[PDB]
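Here the structure is laid out as structure tokens; the discussion comes afterwards.
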There are 2 protein chains.
Amino acid sequence: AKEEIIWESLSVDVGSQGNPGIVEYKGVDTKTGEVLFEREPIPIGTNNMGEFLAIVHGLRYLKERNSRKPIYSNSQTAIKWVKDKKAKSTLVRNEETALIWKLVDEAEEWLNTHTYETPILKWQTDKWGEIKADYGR
Amino acid sequence: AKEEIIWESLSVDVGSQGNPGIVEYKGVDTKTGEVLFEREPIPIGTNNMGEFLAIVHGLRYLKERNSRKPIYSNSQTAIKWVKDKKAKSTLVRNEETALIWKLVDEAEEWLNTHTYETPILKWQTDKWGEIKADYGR
DNA sequence: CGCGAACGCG
DNA sequence: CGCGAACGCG
């Protein structure tokens, strides 16, 4: 069904700046923009770990709800990480990063222990504007 | 002393092709081309590990001999690895790669346990022709 | 600015 | 061919 954007979907995005640094994420209804989940800032993470977590949160939220809506992300790498079931982060493992790493590790565990059919789709910023979940400037 | 090439030097190079695969290296007098050391093929290694080993061999040979000749390599990465005292190879550690990894590990150990002043210089192929130590096509 | 995906040489 | 160095996004 050749319609560009699937509006009945979930858009997820990460909020950063200084990287590694504080990270937060959320999931919004693409069509309506309403926020369907959000994670308060985590003092130390990376953009890509935050976005990885946002997509796996998204999967788990939709799964809970039985819903067939796809998820959109503008991140080539977080999408790849989810599809690979492996978050290939370079972030050091130490006391300050323990929390983000625990969440990422558990997110990976989730992926490798559950089935899902949610399409994870690349949001095309250069044609469709900012992702609705953008924090972000 | 602005003379382009230092002919009274040692040129080192690796022989490959299929990578990872069989690797060998040698050290030659740059001016004369005479081979001053050579390592018989190692069934499994990488180009960059082979060249790393060639440079550290070169350092140890010259050091033995008290000699002030520099060493030339055409490899940006092996030169960086030696200068960093860390061979950042992606080669898997398994039974078939154990030997090359043992040699690399011991080469690193050498570097971090000995002093040397041998300049390690980048051979400029695009201006000075093939490195004399080239196997290599 | 960093995070990560994506030329020479043999 | 692989080995390794060296754009979008927030």
Side-chain angles (χ1 to χ4, degrees), chain A residues 11-26 41-42 44-55 72-84 86-92 97 100-101 104 122-137, chain B residues 11-26 41-42 44-55 72-84 86-92 97 100-101 104 122-137:
Chain A
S11 282
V12 304
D13 197 23
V14 65
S16 277
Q17 287 308 325
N19 188 34
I22 309 154
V23 305
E24 57 182 333
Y25 65 82
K26 60 190 171 172
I42 292 160
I44 294 83
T46 62
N47 52 343
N48 286 323
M49 288 165 112
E51 186 73 358
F52 177 69
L53 294 176
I55 298 180
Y72 280 104
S73 171
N74 59 26
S75 174
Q76 178 180 241
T77 96
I79 292 167
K80 179 181 198 272
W81 284 2
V82 170
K83 274 76 174 292
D84 296 333
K86 181 67 160 258
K88 291 211 139 185
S89 180
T90 63
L91 191 66
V92 69
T97 63
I100 194 104
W101 269 119
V104 166
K122 229 250 147 238
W123 183 265
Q124 318 243 269
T125 306
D126 97 90
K127 266 105 131 221
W128 305 337
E130 291 319 75
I131 188 146
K132 223 141 297 206
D134 208 312
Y135 274 92
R137 86 98 252 167
Chain B
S11 282
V12 304
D13 197 23
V14 65
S16 277
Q17 287 308 325
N19 188 34
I22 309 154
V23 305
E24 57 182 333
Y25 65 82
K26 60 190 171 172
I42 292 160
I44 294 83
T46 62
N47 52 343
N48 286 323
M49 288 165 112
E51 186 73 358
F52 177 69
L53 294 176
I55 298 180
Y72 280 104
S73 171
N74 59 26
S75 174
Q76 178 180 241
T77 96
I79 292 167
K80 179 181 198 272
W81 284 2
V82 170
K83 274 76 174 292
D84 296 333
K86 181 67 160 258
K88 291 211 139 185
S89 180
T90 63
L91 191 66
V92 69
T97 63
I100 194 104
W101 269 119
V104 166
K122 229 250 147 238
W123 183 265
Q124 318 243 269
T125 306
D126 97 90
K127 266 105 131 221
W128 305 337
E130 291 319 75
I131 188 146
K132 223 141 297 206
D134 208 312
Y135 274 92
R137 86 98 252 167

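Side chains included, hydrogens not; waters and symmetry mates left out as well; all remaining heavy atoms used. Here is how names work: the chains are called A, B, and so on, in the same order as the sequence lines, proteins then strands, and each is numbered from 1.
Between the side chains of B:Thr77 and B:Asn48, a donor-acceptor pair is found at a separation under 3.5 Å.
Within the nucleic acid shown, B:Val23 has no heavy atom closer than 4.0 Å to any nucleic acid atom. Heavy atoms of A:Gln17 sit under 4.0 angstrom from at least one base atom. If you check every strand for non-hydrogen atoms under 4.0 Å, A:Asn47 touches a base. Backbone-only contact: B:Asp134 has heavy atoms under 4.0 Å from sugar-phosphate atoms and none from a base. A:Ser75 comes within contact range of no nucleotide atom at all, as no heavy-atom separation falls under 4.0 Å.
Put simply, the side chain of A:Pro20 reaches to within 4.5 Å of the side chain of A:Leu91, judged on heavy atoms. The closest side-chain heavy-atom distance from A:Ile22 to A:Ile44 is not below 4.5 Å. Within the 4.5 Å cutoff, no side-chain heavy atoms of A:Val23 are placed close to those of A:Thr46.
DNA chain D is contacted by both B:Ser89 and A:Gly18; B:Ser89 maps to the nucleotide lying nearer its 5′ end (nearest heavy atom per residue).
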What pairs of donor and acceptor atoms, side-chain ones from residues 130-137 of chain B against any protein atom, are under 3.5 angstrom apart with sequence neighbours left out?
residue, atom, partner, partner atom, Å
B:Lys132, NZ, B:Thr30, O, 2.9
B:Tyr135, OH, B:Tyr25, O, 3.0
B:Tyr135, OH, B:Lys26, N, 3.4

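The side chain to side chain contact (heavy atoms under 4.5 Å, CB included) check on B:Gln124 picks up B:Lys122, B:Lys127, B:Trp128, with sequence neighbours excluded. In this structure B:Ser73 satisfies the side-chain hydrogen bond (donor to acceptor under 3.5 Å, both in side chains) test together with B:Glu51, sequence neighbours excluded. B:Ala87 pairs by the side chain to side chain contact (heavy atoms under 4.5 Å, CB included) definition with B:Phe52, B:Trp81, B:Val104, B:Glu108, not counting sequence neighbours.
Here the range on DNA chain D touched by chain B, meaning any atom under 4.0 Å from one of its heavy atoms, is D:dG2 to D:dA6.
Nucleotides C:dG8 and D:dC7, compared at atom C1', are 22 Å apart to the nearest Å.
Paired regions of DNA chain C, where each region holds three or more successive Watson-Crick or G-U pairs whose two hydrogen-bonding distances fall under 3.5 Å, are C:1-4 with D:7-10, C:7-10 with D:1-4.
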